[PDB]
Ligand SMILES: COC(=O)[C@@H](N)CSC/C=C(\C)CC/C=C(\C)CCC=C(C)C
Ligand SMILES: [Ca+2]
Ligand SMILES: [Ca+2]
Ligand SMILES: [Ca+2]
Ligand SMILES: [Ca+2]
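Residue numbers (PDB author numbering): 4 to 147.
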């Protein structure tokens, strides 16, 4: 496990933990999912938490969140989820995620990123070096 990977997990948890109280509730999960264009029901949100709710307190803490993330990346099924996730970023549908498209989504998640921070995220996922993220590059980013 890398110090850099821990830092990313922390930032990812922060995007869900809207009020910063260290736990992610069904309401916070639903808010994130709707900002990504999804519409889960109250029962679907409870199911999502219950899958990883090791202490049964109805909310997600940090190690439970890591468990949730690792299961999603190490899935091998639900590639339609990955295609759906790609479409969330690729809003003009042209097959490439631009820095501007990424900035737009991060803004909808409530993030404040500098121009360099957005370019660094594109750089890290870019494989062929064209300065955008195509679908194959995205698949690799979302996969273990
Ligand atoms: C390592 O730290 C960084 O990269 C920071 N500058 C900001 S990224 C913090 C947020 C996350 C890692 C989780 C959100 C990331 C998502 C949704 C992946 C989108 C990225 C693409 C399509 C290149
Ligand atoms: Ca919270
Ligand atoms: Ca819990
Ligand atoms: Ca695009
Ligand atoms: Ca590329």
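Even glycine gets a Cβ: it sits at the ideal position worked out from N, Cα and C.
Give the DSSP-derived three-state secondary structure of residue i in the structure shown.
| i | result |
| --- | --- |
| residue 137 | strand |
| residue 130 | coil |
Taking Cβ positions, are residue i and residue j nearer each other than 7 Å?
| i | j | result |
| --- | --- | --- |
| residue 125 | residue 140 | no |
| residue 147 | residue 72 | no |
| residue 18 | residue 91 | no |
| residue 26 | residue 64 | yes |
By alpha-carbon positions, which one of the options ends up nearest to residue i?
| i | options | result |
| --- | --- | --- |
| residue 52 | 17, 61 and 104 | 61 |
| residue 29 | 45, 41 and 68 | 45 |
| residue 122 | 113, 66, 134 and 85 | 134 |
| residue 87 | 142, 14 and 25 | 142 |
| residue 102 | 7, 112 and 117 | 117 |
| residue 69 | 55, 109 and 138 | 55 |
Looking at ligand 5, does it come within less than 6 Å of residue i, judged from the CB to the closest heavy atom?
| i | result |
| --- | --- |
| residue 114 | no |
| residue 140 | yes |
Shorter than 6 Å, the distance from the beta carbon of residue i to the closest heavy atom of ligand 4, or not?
| i | result |
| --- | --- |
| residue 133 | no |
What I want to know is whether the C-beta of residue i ends up closer than 6 Å to one or more non-hydrogen atoms of ligand 1.
| i | result |
| --- | --- |
| residue 100 | yes |
| residue 72 | no |
| residue 120 | yes |
I believe residue i touches residue j by the beta-carbon criterion, under 8 Å. Please report the beta-carbon distance rounded to the nearest angstrom.
| i | j | result |
| --- | --- | --- |
| residue 43 | residue 59 | About 21 Å; that fails the 8 Å criterion. |
| residue 57 | residue 67 | 6 Å |
| residue 35 | residue 105 | About 16 Å separates the two Cβ atoms, so there is no contact after all. |
Answer yes or no: the CB of residue i versus the heavy atoms of ligand 2, is any distance below 6 Å?
| i | result |
| --- | --- |
| residue 26 | yes |
| residue 22 | yes |
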